[PDB]
Amino acid sequence: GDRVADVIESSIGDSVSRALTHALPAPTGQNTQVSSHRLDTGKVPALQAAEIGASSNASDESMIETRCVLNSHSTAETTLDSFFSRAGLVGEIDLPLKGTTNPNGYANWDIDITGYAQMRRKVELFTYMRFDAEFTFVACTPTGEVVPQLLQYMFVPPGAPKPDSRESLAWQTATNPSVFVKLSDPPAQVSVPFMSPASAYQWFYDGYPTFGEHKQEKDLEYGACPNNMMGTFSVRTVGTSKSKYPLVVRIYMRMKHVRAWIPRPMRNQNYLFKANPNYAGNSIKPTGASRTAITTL
Amino acid sequence: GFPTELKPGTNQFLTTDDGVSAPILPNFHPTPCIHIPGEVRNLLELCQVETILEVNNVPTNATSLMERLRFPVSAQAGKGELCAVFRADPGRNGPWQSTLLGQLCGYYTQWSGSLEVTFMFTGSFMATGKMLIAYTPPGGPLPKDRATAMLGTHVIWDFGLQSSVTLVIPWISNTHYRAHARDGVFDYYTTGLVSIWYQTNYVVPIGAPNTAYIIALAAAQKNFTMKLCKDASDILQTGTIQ
Amino acid sequence: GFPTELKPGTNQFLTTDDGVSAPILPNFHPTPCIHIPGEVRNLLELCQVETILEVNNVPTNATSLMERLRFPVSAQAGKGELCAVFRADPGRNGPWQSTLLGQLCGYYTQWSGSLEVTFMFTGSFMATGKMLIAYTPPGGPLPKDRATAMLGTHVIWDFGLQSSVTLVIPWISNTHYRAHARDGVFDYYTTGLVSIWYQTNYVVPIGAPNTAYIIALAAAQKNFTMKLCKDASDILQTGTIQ
Amino acid sequence: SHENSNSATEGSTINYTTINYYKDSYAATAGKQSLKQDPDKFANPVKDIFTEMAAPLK
Amino acid sequence: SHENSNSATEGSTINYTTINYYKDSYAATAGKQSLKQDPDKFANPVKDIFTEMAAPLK
Amino acid sequence: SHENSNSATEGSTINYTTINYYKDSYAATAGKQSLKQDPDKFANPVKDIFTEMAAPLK
Amino acid sequence: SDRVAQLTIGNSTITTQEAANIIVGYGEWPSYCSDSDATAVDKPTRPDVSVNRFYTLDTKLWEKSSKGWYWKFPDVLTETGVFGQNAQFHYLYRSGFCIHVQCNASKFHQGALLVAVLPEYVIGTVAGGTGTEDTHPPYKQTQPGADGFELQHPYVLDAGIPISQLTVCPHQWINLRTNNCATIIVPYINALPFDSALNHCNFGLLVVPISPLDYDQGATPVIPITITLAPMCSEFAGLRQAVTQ
Ligand SMILES: Cc1cccc(-c2ccc(OCCCCCN3CCN(c4ccncc4)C3=O)cc2)c1
Ligand code: NA
Ligand code: NA
Ligand code: NA
Ligand code: NA
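Residues numbered from 1 in each chain as written, not as in the entry; some residues may be left out. Chains lettered and ligands numbered in written order. Part of a larger assembly, values for the part shown. Heavy atoms only, no water.

Determination of this PDB entry was carried out by X-ray crystallography to a resolution of 2.80 Å, according to the record.

Would you mind going over the overall build of chain G with me for this structure?
A tally of regular secondary structure across chain G gives 2 helices and 12 strands. Along the first, second and third principal axes, the C-alpha set of chain G runs to 60 × 55 × 30 Å. Residue pairs at least 24 apart in sequence account for 83% of intrachain contacts in chain G once pairs closer than 6 positions are excluded. About 7,400 Å² of surface is accessible on chain G, with carbon and sulfur atoms providing 49% of the total. (Helix = DSSP H or I, 4+ residues; strand = E, 2+ residues; numbered from the N terminus. Contact = heavy atoms within 4.5 Å. Areas by Shrake-Rupley, 256 points an atom, 1.4 Å probe, with all protein chains shown as cover.)

So what exactly am I meant to see when it comes to the arrangement of the chains here?
The pair of protein chains exhibiting the most contacts, out of 16 pairs of chains in contact, is chains A and B. Between chain A and chain E there is no contact, and the shortest C-alpha to C-alpha distance separating them is 16 Å. Chain G makes no contact with chain F, the minimum C-alpha separation between the two being 32 Å.

How do you make sense of the nonpolar core when you look at a structure like this?
Nonpolar side chains tend toward joint burial in soluble globular proteins. Within the largest apolar cluster, 202 residues are counted, with the highest numbers of intra-cluster contacts made by A:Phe126, A:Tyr153, B:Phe71, B:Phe119, G:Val101, G:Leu205 and G:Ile210. For G:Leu205, the residues in contact, after removing those within four places along its chain, are G:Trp69, G:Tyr70, G:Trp71, G:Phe73, G:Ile99, G:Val101, G:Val115, G:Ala116, G:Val117 and G:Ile227. Of all hydrophobic cores here, the second largest spans 48 residues; its members include C:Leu53, C:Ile214, C:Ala220 and G:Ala237. (Core = buried A, V, L, I, M, F, W, Y, C linked by side-chain atoms within 4.5 Å. Buried < 20%, exposed > 50% of the residue type's maximum accessible area, 1.4 Å probe, protein only.)

Would you explain the interface of chain C and chain G in this entry?
The extent of an interface is frequently quoted as the accessible surface area lost upon association of the parts. Of the residues lining the interface, 22 residues belong to chain C; the matching set on chain G comes to 17 residues. Buried surface at the junction of chain C and chain G, both sides included, amounts to about 1,500 Å², of which 59% is carbon and sulfur. Our count for the chain C to chain G interface comes out at 0 salt bridges. Joining chain C to chain G, the criterion identifies 7 residue pairs in polar contact. Here the side of chain C that touches chain G is built from residues that sort into 9 nonpolar, 12 polar and 1 charged. (Buried area = accessible area lost by both parts, 1.4 Å probe. Salt bridge = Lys/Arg side-chain N within 4 Å of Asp/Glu carboxyl O. Polar contact = N/O pair within 3.5 Å; in protein donor to acceptor, adjacent residues only side chain to side chain. Nonpolar A, V, L, I, M, F, W, Y, C, P; charged D, E, K, R; others polar.)

Explanation requested: the environment of C:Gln12 in the structure shown.
If you trace the backbone, C:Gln12 turns up in the loop between β1 (2-4) and β2 (13-14). C:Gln12 has contacts with A:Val179, A:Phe180, A:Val181, A:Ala188, A:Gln189 and A:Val190, leaving out every residue within four places of it along the chain.

Help me understand the sheet that holds strand β12 (residues 223-239) of chain G in this model?
Strand pairing in a sheet is mediated by backbone hydrogen bonds. Such pairs are either parallel or antiparallel. Residues and elements named next belong to chain G. Ordered in space as β3-β10-β6-β12-β4, the 5 strands form an open sheet in which the pairing is mixed. Looking along the sheet, the strands with just one partner apiece sit at the ends: β3 (23-24) and β4 (55-62). Pairing of β4 with β12, which is carried by 7 bridges, proceeds in the antiparallel orientation. Counted as the bridge partner of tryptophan 62 is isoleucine 223 from β12. Across the face of the sheet, helix α1 (residues 81-89) comes into contact with β4, β6 (90-102) and β12 while running at roughly 40° to β12. (Pairing = 2+ DSSP bridges. Axes fitted to C-alpha atoms, helices over the stretch in contact; angles between N-to-C directions.)

Teacher, can you tell me more about the coordination of the sodium ion (ligand 3) here?
Six octahedrally arranged donors around a metal ideally form angles of 90 or 180 degrees; four tetrahedrally arranged donors ideally form angles of 109.5 degrees. On the protein side, the sodium ion (ligand 3) has A:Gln189 (O) and B:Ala22 (N) as donor atoms, found 3.0 to 3.1 Å from it. Linking A:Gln189 in strand β8 (residues 188-192) with B:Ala22 in the loop between β1 (4-6) and β2 (39-40), this pair reaches from one chain into another. With respect to class, A:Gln189 is no different from B:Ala22; both count as buried. (Donors = N, O, S within 2.8 Å, 3.2 Å for Na, K, Ca; no water.)

Looking at this model, I keep getting lost on the pattern of salt bridges. Mind explaining?
In a structure, side chains of opposite charge can pair up when their charged atoms sit close to one another. All told, the structure shown has 32 salt bridges over all chains when counted by the stated rule. A salt bridge links A:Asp206 to G:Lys72, with the nearest nitrogen and oxygen atoms 2.7 Å apart. You can see A:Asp206 sitting in the loop between β9 (201-202) and β10 (232-237) and its partner G:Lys72 sitting in strand β5 (residues 69-73), one on each of two chains. Across this residue pair, the class does not change: A:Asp206 and G:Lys72 are buried. C:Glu5 is paired through a salt bridge with C:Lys7; the nearest N and O atoms lie 3.9 Å apart.

How do you make sense of the site of ligand 1 when you look at a structure like this?
Among the 17 residues in the neighbourhood of ligand 1, the closest are listed as A:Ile113, A:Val192, A:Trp203, A:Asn228 and A:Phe233. Nearby residues place ligand 1 at the junction of chains A and B. Separating an oxygen atom of ligand 1 from a backbone N or O atom of A:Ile113 is a distance of 3.2 Å. Coverage of ligand 1 by the protein amounts to 94% of the 690 Å² it exposes when considered alone. For the shell around ligand 1, the secondary structure elements donating two or more residues are β5 (126-140) and β9 of chain A. (Near = heavy atom within 4 Å.)

Hey, could you run me through the side chain of B:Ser114 in this one?
Within the secondary structure, B:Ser114 sits in the loop between β6 (108-112) and β7 (115-121). Judged by relative accessible area, B:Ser114 falls into the buried class, the value being 1%. For B:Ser114, the side chain forms a polar contact with the side chain of A:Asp60, separated by 2.5 Å.

Help me understand the interface of chain A and chain B in this model?
Every contact between the two is made by 92 residues of chain A and, on the other side, 94 residues of chain B. Between B:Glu39 and A:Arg259 there is a salt bridge whose closest N-O contact spans 2.9 Å. Within the residue set of the side of chain A that touches chain B, elements represented by two or more residues are β2 (47-48), α2 (60-63), α3 (80-84), α4 (117-123), β5, β8 and β11 (247-263) of chain A. Partitioned by chemical class, the residues of the side of chain A that touches chain B number 45 nonpolar, 32 polar and 15 charged. Here β11(A) pairs with β2(B) via 2 bridges, running antiparallel.

How do you make sense of α1(G) when you look at a structure like this?
Think of an α-helix as turning once every 3.6 residues; residues three or four places apart then point the same way. The set of residues buried in α1(G) consists of G:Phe83, G:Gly84, G:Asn86, G:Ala87 and G:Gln88. Summarising the contacts, the buried residues of α1(G) are in contact with β4, β6 and β12 of chain G.

Would you explain the sheet that holds strand β11 (residues 178-179) of chain B in this entry?
All names here are of chain B. On the basis of which strands lie adjacent, the open sheet formed by 3 strands has the order β11-β6-β14 and antiparallel pairing. Unpaired on one side and paired on the other, β11 and β14 (225-229) mark the two borders of the sheet. Across 2 bridges, β6 lies against β11 in antiparallel orientation. Bridge pairing links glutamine 110 to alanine 179 in β11.

Take a look at the structure:
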C-alpha cells in the first residue's frame, strides 16, 4: 500500500499519451467563404511569428475580398494507399548461360528494395512504414522473348538454408513457400504480409546492430537493422541440366494497407549505395534549377 | 465446368490494378502495432507545412549553397526599388523546388488551391522598414515598377515585434485545376508572378548592420488538392545502386 | 459463356496455396478413427516439455557422446569459481540444439517468450552445496567473476531433498519477437548468457564421491510462441535415400 | 467472411472497404481508405495555441 | 452444402471452417483449425498433482 | 456496390443502369441511357413562341 | 505572456523572458509505456526526479562563419548523472525529452538559428568525393557524445537531404531580434516499446544558422549557444552490470 503524499499524487506510470491534435474528416478541399473589407486595429492575421515553429494561420478570406466557392475537389488520391499502391520495379535478377555472375542456373537475391531510385525516394519520405505487399515476377529472355522454360522461386527466410546450386536439397521446399511457373504463363503474383519483428519497417536506423567497440572495420554495420532484413529470394531453372536459354527476372512490388510515421526531407542528391545515404561530395548540386539574378526570371 | 469466356485484358499485368493475390504464409499473424508518434494519413497534411523557399536560387558552388536559403534587404535610395521576384508556379522549375510542397507536387499531374508564402525578417531589432509584396495574376508581365505591381494582389509589410508576414497567393485560375506549367503551350497553366518592393526603406541607427536577410517559408492553403498521380521528373540514380 | 478475365498468378503453383482440388475416389469413406492416446494439437504443446540440454557439448568421439548430457561439480577452493556458461539463444548453434525446443524452433523464423532451464543434481545424498546461476541480458559481456554475474537475473540454488531448481530466463527484449541469432548483424536478436558459479562449495563427508554431475532440462514458458514457418537449417541426407 | 485478421492495418483509426477470396486478410485488395486528416500534428504543434486575429507574440 | 463426410478429420474435438466445390469433403481446403492446447498431457502427466508453492516431494 | 463516384456522367439528368467489378465507377459498362429529348433547344429557341395554326409574323 | 516562461522539473528550473512559445513534437506528450505495447516482462525502474531533470551539457560559439552542429539522443547523456548510470546498467531504455536551446545577444546583433529534431538521423559520407568509394562515418561521428559535431555540408545535412525541408520536423527558430531560446518537447519515437540507449539514437538535434550572425565592430563578439535538456518519463529494464558501449 501507499501512504506518503508525493507517491499518491505522482503521475509516474501514466500510459495515456495526451494528444494536442485530433484528425477530422476532409473528403474535399475546403470551401471559400464570402469576405469584405476590414479596417481594424488589434486584428492582424497577416502578421506572424515563424519563430514559434508553426505555419501561417492566415487564410484567403482575411487577406483579400473573396467570393463564396463550393469546393468539391477530392482528397482521395493523396492517401498513403493511393500514392504507394502502384507496382514499381525493385529488383532485377540475371540467369545467363555463359557468364560471370550466375552461370549455374540459379541465383540468390537479398530482399532489399533500395537499389531503385523511383521507389526508394518515395518510401524514404517516411521514417517508419508498415504494410502488406503484392509481388509480381516478370520473366523473359534478355530480348524480351518468351520461351518454354519452367522456373522455381523460393522464399528463404533468415535461418533457412540458401540453395548453393541448381540441384541443392533446399529446393525440396517442404516448409518454405515456393512458386513453380513457366515463362509462357502470365507473371507470377503473390501477397506478402508485414513480417518484421518490429511494429514497422524503418528506412533509417541511426545506430548499430550490436554492442561492443565500433572500430573502422565494423562501420559497414552502422545503420543496419535486422528488423528490415526479411530474407532471400532464390530462383532456379527446374532441371539437373543447364537451361538452354538465358533469363532475366524483374521483380515488382505493390504495397497495400499502408501506414507511415515521421515524414522526412526528400532525397535531393543521387543515390550511390543501397545500404546508406552516402552522396558524391564533389557533386553536391542545388535541389533545383538556378538563375542568373534574384531580380530576373 | 461452369461456362466462361475470356475477355480482352486477360493475362495482362496492370501495375495499378488493385487485385487479390494468393497469400504465401497461411495463418501468419503480424507483429502487433504499438503506438508511434507522427502518423501521417494524407500527403495533403504535409503540403500545409511550410518549408524554405529558395528565392535566391543563384549561387551554385558547394560553399555557397546555404546562401540560397535567404535573400537580402538593405538601406536604399527611396525610389521604391525592386528587391526580388519569382514565379508562383509551385510545380515549375525554380525556387519552389526547394520546398516539400514543390517536391510532393511533382508526383501529381494536376493541382488546385491557394498558396501562401510567409516572409521572416532576420535583421536586428533596431532595423525597421515597410515592403510591398505583390502577386500578379496570369497575363500581367513582370511589373516594371512598384506602381504597376501595386495594381495586383498585395500586402504591405511593416517590420516590428512580429518578425513575419504572410502573402496569400489566392487561387485565381480559369480552370478548376492547373497542370504543371512550363515554357510552351503549358504556360497556359501559369500561376503568376510575385515581386517584392521597398515601400519605405530599410532604416537602421548607428551601430547596426546595413544589411539583413529575409527567409521565405511556403506551403499550401486548406483548399489545396492534387490529382492524377504521376512519376516525378527526377530519378536520383546514374548507374546501378550497389 | 460468362465474361471472365485472367489475372496474374494464373497457372502458377504456390506450394502453400490452400486450394480445392478434385477428389480421385468419389464416395470413398475412410476407415473410422478409433481413440488413440497422446494426440497433439499444437507444436507449442511440445515446446513446454523439458528435454536434456547439452551444456557440456565438447566431447565428440562416439564413445563419449553420452558425456555431453551432463556436466560436473566438485569440491573447490571457495573462490566463487566458475562452473559453466552458455548462450541462452534457443535457436542458435550450441547446447540448445539437443533439445526438442531447439529443433522445433528451427522450423520458425521468429520466436517470443520466456524460457526455463531446470537443473537436477545427481550427486550422493550426503553431498551439499549452493550454486549461483545467472542470466545476463543482452549487452552484458561474459561475467569475469561471480560478483559481476550476480548483478543480473539469478537464482541461488541449495542442494537438498529437492534435487532440482529452475532458472527462468524471462523475456527481456527490445522487439516483440526475435529472429534466430547468429554471429553478425543478427546478434541483435541474442537472448543473453547463462553462467553457473559456486556460491559456497560442494561439500561431502568421508566416503562419498568428490565429483557429481548435474543434468540440465530446458523448455519454454507458457508465453512462448513462434511465427513465420521456415525450413530447418539441416537436411539429413547426403545422396539419394534408397 | 470468417477469415484471419493478419492485415498490416488491423486496428487502424481509418477503416477500409476491401475484397478477398482467401482465409488470410492481407491477401485482400487495398480498397478505399477513410479520408481523415490532422495537419496540425505537423503544421501547428504548439502548446498554447495562438489565434489568427491576434499577434502571435503576446 | 450437402456432401459426403469423407474428410480425415470428420468428428474431431477441433472444428474446422473450410471451402469446397465437390461432393467429397476431403477435397475441401485445410481451412482454420481450433486453437485448443493440452500441454499437461505431455508436460505434467502425474497422478497426484503437486502445487508450485509447495515442495514436489512431500 | 460501395464504390468511388468517378464516372464522367456522375450527376447527369439521365440516369444509367450499369455493371462493374472494380472500386472505380468509370470502369463500369456504358449500360443503358435514359431516353429524354429536347429538340426545341435547337429547333425552336424562340422567346415568344408562335402557334402552328396562326401566321408566324403577327 | 507567451514571451515569458519557466520550466521546472526535478530540482532544476529554467527561466526566459524572450520565448516564442513551446513546441510539442508531433502533437503529443511523453508517456510511460502501456501494458499492451510492452513486451519485456520484468518490472521496470522509474527513477523519476533523479533522472528527469535539466542537464546543461555543452556550449558552442556562434561565429559569422559557423556551419551548424548536431547532437544525438540519448547519446549526449549516456555518461552524465544518474540518468547515464541507469542507461549503462540497463539493456532497455525509453524516455522523452524537453530540449531548451539558449542564445542571447543584443538588439543590435542579428541572425537566425533553425533548431530542429530529426528522428533516426542517419549520417552519410562524401563517398570519397567522386562517389566511388563506399566509406562510412566512424563511431565518433555518428555518436559524437556531448560535444556534438559540426556539419560538413549543412545544405544536405551530411545525409543527402535538403535542410530547406527540415521544417517538416518539430522545430523553432532563434531569431535574435525576436527570441533568445527554443523549447521543444519530444515523445519517445521508435518502432519498438524500449531500446538500447547505447546502440540506438532515436533522434538528432540540429542547430544550424540559416541567417548569418552579424554585428558592428564594438559589440560583444562572443555569442554562445548553450544546450540544456531534460529526460521525461524515463523507464529502464533488463538489469545487469554497467556497460559503456
Ligand atoms: C513465395 C515467394 C517467392 C519469392 C519471393 C517471395 C517474397 C519476396 C519478398 C518478400 O518480402 C517483401 C519485403 C518488402 C519490404 C522489404 N523491406 C522492408 C524494409 N526494407 C529496407 C531496405 C533497406 N533499408 C531499410 C529497410 C526493405 O527492403 C516476401 C515474399 C515469396
Ligand atoms: Na466438362
Ligand atoms: Na495471385
Ligand atoms: Na459464346
Ligand atoms: Na484439382
